[PDB]
Structures are given as structure tokens and as C-alpha cells.
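Values below: all heavy atoms of this structure, side chains included; hydrogens, waters and symmetry mates excluded. Below, chains carry the letters A, B, ... as their sequence lines are ordered, and counting in each starts from 1.
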Amino acid sequence: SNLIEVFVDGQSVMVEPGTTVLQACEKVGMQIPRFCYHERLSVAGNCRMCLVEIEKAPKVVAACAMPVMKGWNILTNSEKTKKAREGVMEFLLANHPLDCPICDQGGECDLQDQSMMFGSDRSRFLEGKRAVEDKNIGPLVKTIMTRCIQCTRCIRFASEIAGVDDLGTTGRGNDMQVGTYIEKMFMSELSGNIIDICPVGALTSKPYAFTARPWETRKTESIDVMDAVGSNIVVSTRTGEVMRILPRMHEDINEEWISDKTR
Amino acid sequence: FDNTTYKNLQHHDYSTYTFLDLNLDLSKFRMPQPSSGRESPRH
Amino acid sequence: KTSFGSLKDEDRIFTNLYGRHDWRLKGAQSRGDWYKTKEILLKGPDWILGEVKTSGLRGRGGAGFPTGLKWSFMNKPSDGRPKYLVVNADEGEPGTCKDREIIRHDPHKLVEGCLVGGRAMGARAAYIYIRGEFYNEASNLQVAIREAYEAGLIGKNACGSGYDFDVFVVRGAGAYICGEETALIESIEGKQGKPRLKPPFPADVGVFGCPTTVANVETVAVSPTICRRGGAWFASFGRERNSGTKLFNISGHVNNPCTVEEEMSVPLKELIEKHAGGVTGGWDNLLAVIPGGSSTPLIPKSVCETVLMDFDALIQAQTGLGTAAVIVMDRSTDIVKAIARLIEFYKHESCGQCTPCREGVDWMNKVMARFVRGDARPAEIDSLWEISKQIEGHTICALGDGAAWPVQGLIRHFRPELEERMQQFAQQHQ
Amino acid sequence: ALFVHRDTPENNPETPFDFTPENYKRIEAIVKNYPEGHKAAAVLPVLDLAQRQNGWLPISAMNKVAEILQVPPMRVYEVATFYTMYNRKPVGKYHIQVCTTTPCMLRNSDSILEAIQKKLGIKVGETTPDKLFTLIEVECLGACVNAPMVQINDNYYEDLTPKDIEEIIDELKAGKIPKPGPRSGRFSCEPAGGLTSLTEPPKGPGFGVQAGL
Ligand SMILES: Cc1cc2nc3c(=O)[nH]c(=O)nc-3n(C[C@H](O)[C@H](O)[C@H](O)COP(=O)(O)O)c2cc1C
Ligand code: SF4
Ligand code: SF4
Ligand code: SF4
Ligand code: FES
Ligand code: FES
Ligand SMILES: [K+]
């Protein structure tokens, strides 16, 4: 009764007012590409990978942020939408380093995977690339900040989930950098979760460094015993050896987080 | 009646604190501020 | 009317534009400021919004939205939050220095405009955001605001109308992006000057998360006069949908660069010659003009012969009125370098928030630097055109659009110059 | 030119900084311009005040602003590094800021920047050994019709020629504080050689006011 009717590629869906365009699309099983958006963090709207055409609207809207209006037809696969994704991906990769073989993210990277699915297959960037200073934030999280795509997921997680305002951005424009400004360690019982939410290899697990590739691991869905919360976890193993621990989503227990002891 | 001379020469003697001294002098005239109801968003 | 221009002094609003009369309250009152302000305030917000709407006034900050409709977004019942008017005095567009003269030479016009404008929106206070480099202008404004408080013209019982209104001056700290309306609000709140997405719109969620309207200095400073002399008087100037008078800055290659007030829809050629002393070396020495500040695309001499200076006419010329900052370039200018320096400006001013402008404007800057030297191939021109179209329309704020339009203007009108420079570089380095 | 801080003996958390009692009075006036519960809006003016007292912002000054207004230091760090008017390393007594954007470039701001370097013997971005002047290029300063122009501390010096800016710098060395404004003959932004408008005496109160008021 409160629901309003919108259309995703011409197919009707009834959604609650305030539902974003991106959420209307996932009611029909369509996942809009994204980098800055995370459903458990506040909306940012800065990466622009979620741009999508609304029928009879000249300007593409950011699906992650734009509330859907009654009667809108969202064109998730139109030429305008595809061209918007190709351009944004091209901008994301212009300064990105050629690191995939030496980058722990390789093989489970959202930049790689969305470049394969939604971006062009070649480069026309003929300049030199940006290179960024690395930051030291403790023994657990390794930073290779030339890989950062300035999505601010880590900043929002630290502030909102971990309640620690030690991460921010410094500088401006193409020189804008994510970090602590001062030499500081991001040591919090939830700190290891910024490895998972970082879409790229900018933040990686120091203990896990270089030991395995994602395709060769066997995932064992299990339970954590480091405390009495009972966090749901995946135990990654390879050839009979435990390689790492990952969160397993459980809305009623740990959501998609784990503590540093569990990890 | 003279239209021949610049008449904005006072700012030739504004110092470092001119702007914030005026802001201090204006404080008495301001209406009471509204309140969000809490000390800050972190409270 | 068919011909617009030759505005008479009696019909000029900013009558102390050059600071040759007293700018303090006594001078402002003797020039007609603060006159029957109480009467205007007691006509009510609907009457004020009527005169602004009738005047046909459009935003003077660059975007040119119809002011009357925009200000009416605030004319709604209170929900509990306070309501604010934010006055944009950041004035960051290269070639634009019009708001600087209002603040320091006609400050009381701005203060009254805040009160009258703020009344129309039901605002409790006006925050005047002035760029940090305008220190002396900010102090002049601060002195003028003290005088109004001491005379009872603002504050408790403003002018005796029973309406309480405060005027605050907050200074910036050096950032062109803080002229963007939502980035301005974020700056007032004490964060980095990064624009917000819309929705929500400032009239719903603005400064401190309260209903707000952001208005340009010139837009607000003419509202008291429009309410006194009527919207019908203001609407009698300029073409239809392009009404009123406008402050013009003429810089670059003119004999007498100056700020002048002129009717809207004045021919561009007449404006440069009647007030700016003509193009250096003669009108035939003209190469190109940037009509509305660095964001607007350049137009070549041939287009400048008859183009009118108003919103609609300049859109027909594939550019825009913008802030009405006329930057003149003569035949001795290196046009490619001039535009390259503007892309370098946008590269230094990008807030870095969103991908297309953080990465793309920097990308365009590197290409332009090679285009200046001719160190490129012609196929890269269409590459640059396509890169600019990937920025435009895909960013959070219009700075991305403002960086892509100057590039398109260069490619649109001076492609042969780009190709000659590339051809010549290859010969010297073959 | 970096946006990361490294402790040094002259810039670290134990560097001495504190607002004077007079400056604490100004802070109260600043903090009272914003609604109760939104004190973080005072970061920009309070941080600027710290720079006006100290000449620049060591990390200790930033920490003090964060402490007073009760905001995280990172949020103050973000502001200090975003806005270009905040000096995060010491600058000279006179911060010479030459505009080099296109409108000033079209009117030969290059000759001004060249003249300053030749006179001062320094390069762009450098401070003199005596620490009296620091020279930098800046973007448009909102005085394009008065180009080429510079800003030194809080003052604009306009319509410059290489001769004009050498006299200005010589006055600064001599201790005299030169008057700001155009050095060509006009007083502000009016066209050179005589007004083309606003020559008639201005109308007084009530002129042209519509019926009903
Ligand atoms: C990068 C950028 C800089 C801007 N700078 C200014 C400015 O300095 N002054 C101004 O009035 N508007 C500026 N604007 C436009 C404002 O966002 C907004 O459109 C304007 O303040 C609205 O007021 P108005 O309707 O009276 O014109 C800027 C916009 C952008 C994208
Ligand atoms: S983050 Fe992804 S795309 Fe970037 S280097 Fe690592 S694996 Fe490659
Ligand atoms: S480090 Fe990772 S999560 Fe943080 S802003 Fe960069 S890409 Fe996003
Ligand atoms: S377009 Fe540029 S200035 Fe505007 S929000 Fe995006 S990055 Fe910031
Ligand atoms: S996912 Fe919407 S802009 Fe990043
Ligand atoms: S271009 Fe130098 S003041 Fe505007
Ligand atoms: K990661």
C-alpha cells in the first residue's frame, strides 16, 4: 500500500519509498556495478561506477544514492549506461599500477572483475602514472597505497563501524591520499575488516601476504571459537593447510565482520 | 559634490586581527543560537 | 525592444561600483539603500517572491536558474529546524571579479539583500561565505554589518518589522571548489569543501542539515532594488527570459580592462568597445573570447561579431553566459597555451572526491601540456574530445563539466591550430 | 609539497603552541556564530586564527584546535591539508603570491614573476635565506580586471609592472608597508582614462520606487 511501482528494464517492481535505484535493480536479480557503495556503510556516491540511465532522462543517475521515483524505468543495460561504465572504469585504471601478478588481490579483485565485465579491453592512456607513498598502520594491515582508488570505504568503516576517526583523506584532486596524515597505527579489535571491504589490493593482510591465490583455496564454512559470539567464518585451506580466516555473512550474529583475534 | 577621489581608503590600516575583532564586537548583537539538542553528533 | 545596451545611470543598481562615493551606511542611505525596508518586509514573503519572479531575475553565480522559483522552494511550513540563507561570495571563476566590488564598495546593498531575501525564505540568519583571500573586503563587509546592527536595521526587530535576522561572515581558506553551493555548505560545517550529491536538495537538507538557499552575491544584492522599483521595472531590461542588468568583467587583451554594469542582451562587440576601450590592436586583432569565465567555451572572432551577451544567445553560440567574465584574446595569443593554463587551473582546484574529475581532469592536463608543444598525434584530438565527454555529465558537481567545456571549445574552433603544432613538432624531431 | 606529516624537532606534537588569552576571547565569538551542537563548523576560522598568531600550523597547533572544539585530530588534519591558505611549513614574513591563471597570464604576469625572482634571487616556492620573503604562484585571486597582480599577506597589489613590484619589495625590505591597490593610476576597477558610466550624481532615497510602498 505504501509501495510505489518502478520498472527495471521494463519489468515492474513494488518498492518501499526511499529505496535507491540500486536496490530496485537487486529486487529483479540485477547487481549494479559498484566500488564505493557498501550496504553496511553510509552512502558515498564518489566512485561513479553505479551510474545508470533513467528512461527519458538525459543525465545518468548514481544508482547507489538516487532514490527511485514512481514510474521510473531503469535501463541497466542501455548504450548510455554501458558507455558510462566504460568511461568510469577507464578513469579508474588510468593511474592504477600494473601490479596484478604481485598483488594479493589478484584473482579475487573487484577492479579486475568489473573491468572484465563492464570496462573496455584496452588502454588509450599514454602518460605516466601517479605513485603514492605507503603508510604504516600496524602489524596486521599492509598498505600499498598506489593501488587505492579513493573509494573511502575504509574511512567510513573506521568511523561508523569501529568508531575510530583515525582514517581520512589529505590533499586534493589527483593528489588526494587516504591515510592517517601522522604516523599512527590503526589498532582496533575490528581493524582487520578493512582488508575485506577494500575493493583493491591497497589494504591487504600482512600475515597472508604472498602465500596463496584465491582460486586454489578450498572454503570450509565453520564457526569461530575465540569468543562466545559464535561468528560465522570460512576457513580457507590449500593442500591440507589452513591459509586464512574470512568472515561468513550471518545477519543475526556477526553480519559480515569478525574480530582481529578470530581473523 | 566630488566624484574624483577614491573613498575606500580605510582598509589601508586593517591589521591581522581586524576581521576577528569585529566578529567579537558583533557578538553582543546576535540572537541566541538554535540547538540541535545534543553537544555534538558523537554524543 | 530590438536593441539592448546604453544603460542609463539612473537605471544602474550598483551606483558606487567604483568606490568614488562613501560606502559606509551614511553614503548607502543617501544613495537609496535601506529605504522603506520595513514596508517591504511587511508585505510578506509571498509578495517579495512575486516581485523577484516578475523581475525575471536569474542566478548570477553562473548556472542562471530562475531566482524567483528557486527561492520559493523555502516558502513552506516550518518543520522544527531553523532556516538559513547562505550568500555565495567565494567568487572563484577566473576572469570574474564582479562580486568583489559589491562587497567592498556597496556592502550595505548586500546586507539589505540578505535581510529582504532572507525574509522571503523565512530564514533566521544569513551566512555570507567570502573567499579567504578577500580579507580587506571581508573586513569592509564586517564594518557595514556592525553599522546595520547599531542602527537596528538587522538583528532583533530588523528595521522595526518584528523579524529577527542575523548576518554572519565566514571566510574561506583557499579553494575554488568552495564556490559550488553544496561544497560551500560543507565548508561552513567545517569539513573539506567536497560537494554533496543531490537529492537531498539544499532547500530540504542544507547547512547543518537544515533548509537552506545558496544565492550569489549579485543575485541577493539586487533583490532590495527589485522590490522597491518593482519586478516590472527590472523585467523591462534585456531580452525576454534574459531580463535585467548585469555586471561585466572585461579582461585579457583590451585597452581598458574594467568592471561595468550594462543591460542584458548587449552586443558583445559593443560591450568591449564602448566600455573596455576596444581590443588591443584593433577589433581585427581579436582571436577568441571567453564570454562567461573560464568554464564557458571560447568563441572565435567570427562568432563574436554579432553574439549578444545573455543566457539564450550565448547558448546558441555553443557557449554560455556564465558569470559574464569576458576574457579577450588577440591574435598574438597562443590559444592552445591559454586553454592549457585553464585546464591546469581545474587540475589544481578539483576536490578529488569523484573519479571522472579526480582522474580525468588530471589526464586532460597531461594531454594539453603535450598539445602545447605539439608532442602528440592528430588521433589524440578525438581521444581528448571523447575523454572530456566521459567527464561531463558523470561527476558529482559541475566543476567536471567546467573542465571539459573549455577543452571542447578549443577543439571545436581551433582544431587546425592543434594540427599545425603537431605537424611542426614532428618535423623538428623527425 | 607533501600531504603526510613526519615528526621533526621543529614540528612535532610536543612543539609548543597555545592560544593567547586575547585569542581565546576571539574563539568564543567564533564558536557562537554556529548552532549549539555543531561546534565543528568553527574549525576553519579557529585553525586560521592559529595561523595568524603563529604564522603557520605545526602539528601541535592542529592538535590544539581539535582539542578545543572537541573534534578528532584527523578531521582537523583533513581541513588543514585541503585548503591552500594554511601553511603547514614555515613561510617568510612576506608571503608573495603571484597569480598566473590565464587572465593574468594574458597581461604578462610572467614578467612580474621573473622580476621578483631576479630581485630576490630565489625561485618559485623558495624562501629567502634571511626569511623575509616566500614566493609562490597561485590561481585566480578574483582581481582579473586589475591584472597582473600579486597578494602579499592580506593585501592585493594590482596593475603591476616589473618596476612597480620592485618598489613594493624594496619598501618591504625598508620596513615601510606599501599601500595596496592598483599602481597604474586608477583607484580600483574603473576603466583607465575616465569613467564610461556612473558619471552622473546618484539618485537619492525613493527614486523610482513603485506605488504601494
Ligand atoms: C566549481 C564551481 C565553482 C563555483 N563558484 C561560484 C562562485 O564563486 N560564486 C557563485 O555565486 N557561484 C559559484 N558556483 C555556482 C554555485 O554552485 C551556485 O550555482 C550558485 O551559487 C547559485 O546561486 P545563484 O542562483 O544566485 O546564481 C560555482 C559552481 C561550481 C561548480
Ligand atoms: S588491486 Fe586488482 S587490478 Fe589492482 S593490481 Fe591488484 S589485482 Fe590488479
Ligand atoms: S584503501 Fe581501499 S577501502 Fe580505503 S579508500 Fe583506498 S581503495 Fe577504498
Ligand atoms: S567533479 Fe571534481 S570538484 Fe566536483 S565533486 Fe567530483 S572530484 Fe570534486
Ligand atoms: S557505487 Fe555509486 S558512486 Fe560508487
Ligand atoms: S586571473 Fe589573476 S586575478 Fe584572476
Ligand atoms: K583488499
Side-chain angles (χ1 to χ4, degrees), chain B residues 6-12 14 18-19 22-23 26, chain C residues 13-25 27-28 31 33-34 60-61 85-93 96-118 126-148 154 167-172 174 178-179 184 188 214-225 246-249 259 261 323-325, chain D residues 140-146 149 151 154-156 158 180-181 187-190:
Chain B
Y6 202 47
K7 279 179 195 123
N8 179 41
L9 310 167
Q10 300 107 334
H11 76 271
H12 291 188
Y14 293 163
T18 293
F19 180 84
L22 287 144
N23 177 70
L26 284 160
Chain C
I13 293 167
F14 302 100
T15 54
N16 193 33
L17 183 68
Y18 304 124
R20 304 227 177 169
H21 306 128
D22 189 38
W23 61 270
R24 294 175 280 146
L25 175 57
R31 288 196 299 281
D33 293 342
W34 287 116
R60 302 305 210 235
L85 164 72
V86 174
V87 174
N88 197 334
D90 201 76
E91 172 123 292
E93 186 83 340
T96 320
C97 42
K98 70 200 178 68
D99 298 329
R100 184 204 189 195
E101 312 316 322
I102 298 162
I103 288 157
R104 70 168 164 176
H105 293 148
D106 271 323
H108 281 280
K109 286 185 113 67
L110 180 50
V111 179
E112 192 185 7
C114 295
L115 179 59
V116 166
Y127 284 93
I128 306 176
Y129 189 100
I130 188 167
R131 65 176 304 168
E133 299 91 335
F134 283 173
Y135 178 83
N136 293 320
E137 295 84 1
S139 313
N140 264 32
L141 181 59
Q142 209 72 292
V143 164
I145 287 161
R146 177 177 60 192
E147 297 192 284
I154 54 171
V167 185
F168 303 97
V169 189
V170 293
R171 294 176 54 248
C178 274
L184 195 165
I188 283 166
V214 185
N216 169 264
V217 164
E218 181 178 346
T219 312
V220 178
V222 304
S223 69
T225 297
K246 178 73 179 77
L247 291 182
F248 293 89
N249 309 125
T259 310
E261 179 166 2
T323 62
Chain D
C140 176
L141 283 171
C144 319
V145 301
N146 285 111
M149 62 76 78
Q151 168 182 44
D154 288 333
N155 281 328
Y156 282 17
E158 284 156 338
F187 313 126
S188 78
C189 58
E190 77 278 24

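For the atom pair CD of C:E261 and CG of C:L17, the computed distance is 7.0 Å after rounding to the nearest 0.5 Å. Within the model, atoms CG of C:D33 and NE2 of C:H108 stand 8.0 Å from one another, a figure rounded to the nearest 0.5 Å. From C:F134, atom CZ reaches atom CZ of C:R171 across 11.5 Å, with rounding to the nearest 0.5 Å. If you take CG on C:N216 and OG1 on C:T323, they are separated by 9.0 Å, rounding to the nearest 0.5 Å. Rounded to the nearest 0.5 angstrom, C:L141 CG and C:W23 CH2 are separated by 9.0 Å. Taken to the nearest 0.5 Å, the CD atom of C:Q142 stands 11.0 Å off from the OG1 atom of B:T18.
Closest approach of C:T15 and C:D106 over heavy atoms only: N-OD2, 3.9 Å. C:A89 and C:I103 get closest at one heavy-atom pair: CB-CD1, 3.6 Å. In this structure, C:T219 and C:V222 approach most closely via the heavy-atom pair O-CG2, 3.4 Å. Among all heavy-atom pairs drawn from C:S223 and C:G117, the shortest one is OG-N, 4.2 Å. Nearest heavy atom pair, residue C:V220 against residue C:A215, reads CG2-CB, 3.3 Å.
Residues C:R104 and C:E101 are paired through a salt bridge, judged by an N-O separation under 4.0 Å between the basic side chain and the carboxylate.
For the pair C:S139/B:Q10, no side-chain contact is recorded, criterion being any heavy-atom separation below 4.5 Å from C-beta on. For the pair D:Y156 and C:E133, the minimum side-chain heavy-atom distance is below 4.5 Å. The shortest distance between side-chain heavy atoms of C:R60 and C:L247 does not fall below 4.5 Å. Contact check for C:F14 versus C:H105: no side-chain heavy atoms found under the 4.5 Å cut-off. Using a 4.5 Å cut-off on side-chain heavy atoms (C-beta onward), C:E137 and C:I130 make contact. Side-chain contact between C:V111 and C:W34 is present, with at least one heavy-atom pair separated by less than 4.5 Å. Between B:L22 and B:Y14 the shortest side-chain heavy-atom distance does not fall below 4.5 Å. Contact check for C:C114 versus C:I128: side-chain heavy atoms found under the 4.5 Å cut-off.
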C:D22/B:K7 under salt bridge (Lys or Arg N to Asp or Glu O under 4.0 Å): CA gap, chis, key distance, verdict: CA-CA 6 Å; C:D22 189 38; B:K7 279 179 195 123; over 6 Å; no
Stepwise side chain to side chain contact (heavy atoms under 4.5 Å, CB included) check, B:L9 with D:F187: CA-CA 10 Å; B:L9 310 167; D:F187 313 126; over 6 Å; no
Salt bridge (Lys or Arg N to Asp or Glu O under 4.0 Å) between C:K98 and C:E218, intermediate numbers included: CA-CA 8 Å; C:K98 70 200 178 68; C:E218 181 178 346; 2.7 Å; yes
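When atom types are taken as modelled, the side chain of C:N249 and the backbone of C:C97 share a donor-acceptor pair closer than 3.5 angstrom. When atom types are taken as modelled, the side chain of D:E190 and the backbone of D:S188 share a donor-acceptor pair closer than 3.5 angstrom. With hydrogens and angles ignored, the 3.5 Å screen pairs no side-chain donor or acceptor of D:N155 with any backbone N or O of D:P180. Not a single donor-acceptor pair under 3.5 Å links the side chain of C:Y129 to the backbone N or O of C:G179.
The number of heavy-atom neighbours closer than 6.0 Å to CZ of C:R146, taken from other residues, nucleotides and ligands shown, is above 12.
Take D:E158 and apply the salt bridge (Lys or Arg N to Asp or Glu O under 4.0 Å) test, not counting sequence neighbours, and it matches C:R100. A search for ring-ring contact (aromatic ring centres under 6.0 Å, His included) contacts involving C:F168 returns C:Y127, not counting sequence neighbours.
At a cut-off of 3.5 Å, with distance as the only test, no side-chain donor of C:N136 or D:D154 sits close to an acceptor on the other residue.
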